[PDB]
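Results of the structural survey
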Amino acid sequence: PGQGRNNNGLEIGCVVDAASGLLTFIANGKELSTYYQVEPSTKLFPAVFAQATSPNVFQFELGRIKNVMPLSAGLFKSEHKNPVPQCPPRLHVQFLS
Amino acid sequence: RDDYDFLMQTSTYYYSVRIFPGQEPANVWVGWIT
Amino acid sequence: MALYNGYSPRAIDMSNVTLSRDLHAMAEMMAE
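Residues numbered from 1 in each chain as written, not as in the entry; some residues may be left out. Chains lettered and ligands numbered in written order. Part of a larger assembly, values for the part shown. Heavy atoms only, no water.

Structure determination for the deposited model, as stated in its record, used cryo-EM, and the stated resolution is 2.97 Å.

Chain A goes by Ryanodine receptor 2 in the PDB entry, where it is assigned to Homo sapiens.

Written as structure tokens, this is what we have:
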């Protein structure tokens with residue numbers, strides 16, 4: 001739907017339910033129609049494909065929303081029951097080279 | 001706020017991507033890869 | 001898209017948009 005494209009930075013939220021292998025997306029507090037169903041034991045890497053049209057392109061935000069654990073909880077087994085979002089030094093950004 | 005028991009029992013994880021103003025959203029894809 | 005689309009002065013952070021080479025030449029000549 002119709003936005004100003006610039007009132008606030010676009011926030012695309014990715015939600016992964018690993019117990020059911022269901023991938024859903026949120027545009028702006030609004031569930032998107034696109035969804036995916038992955039096969040069991042799939043290992044999914046968060047990914048962004050971008051063609052830069054600005055000095056500032058985008059940013060990963062490793063937070064959480066209501067009733068959902070943060071990404072660090074599933075990434076690290078030591079934080080499997082830690083609701084507080086974390087970005088340990090092991091997690092970093094890689095690019096196709 | 002949220003339900004602590006549900007938050008502990010859930011296997012649902014979240015992350016987000018903020019596309020800054022001035023960057024064309026048609027040139028940005030967000031999701032997961034293997 | 002736009003057709004279907006106390007006081008808050010809040011406006012748009014706009015300086016981050018890019019311009020092509022022809023667009024930049026346009027801007028230069030019209031500022032001239």
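**A few points about the interface of chain A and chain B**
Across the boundary between the two partners, chain A contributes 48 residues, which contact 31 residues of chain B. Between chain A and chain B, the buried area comes to about 4100 Å², and carbon and sulfur atoms account for 59% of it. Along the contact surface separating chain A from chain B lie 3 salt bridges. Note that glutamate 61 of chain A is salt-bridged to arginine 18 of chain B, the shortest N-O span being 3.1 Å. For the pair chain A and chain B, the number of links is 25 residue pairs in polar contact. Breaking the side of chain A that touches chain B down by element, the ones donating at least two residues are β1 (10–17), β2 (22–26), β4 (45–50), β5 (58–61), β6 (69–70) and α1 (71–75) of chain A. No other element matches the 8 residues that β1 of chain A contributes to the side of chain A that touches chain B. Sheet analysis places β6 of chain A next to strand β1 (residues 12–19) of chain B, joined by 2 bridges and oriented parallel. (Contact = heavy atoms within 4.5 Å. Buried area = accessible area lost by both parts, 1.4 Å probe. Salt bridge = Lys/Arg side-chain N within 4 Å of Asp/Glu carboxyl O. Polar contact = N/O pair within 3.5 Å; in protein donor to acceptor, adjacent residues only side chain to side chain. Helix = DSSP H or I, 4+ residues; strand = E, 2+ residues; numbered from the N terminus. Pairing = 2+ DSSP bridges.)

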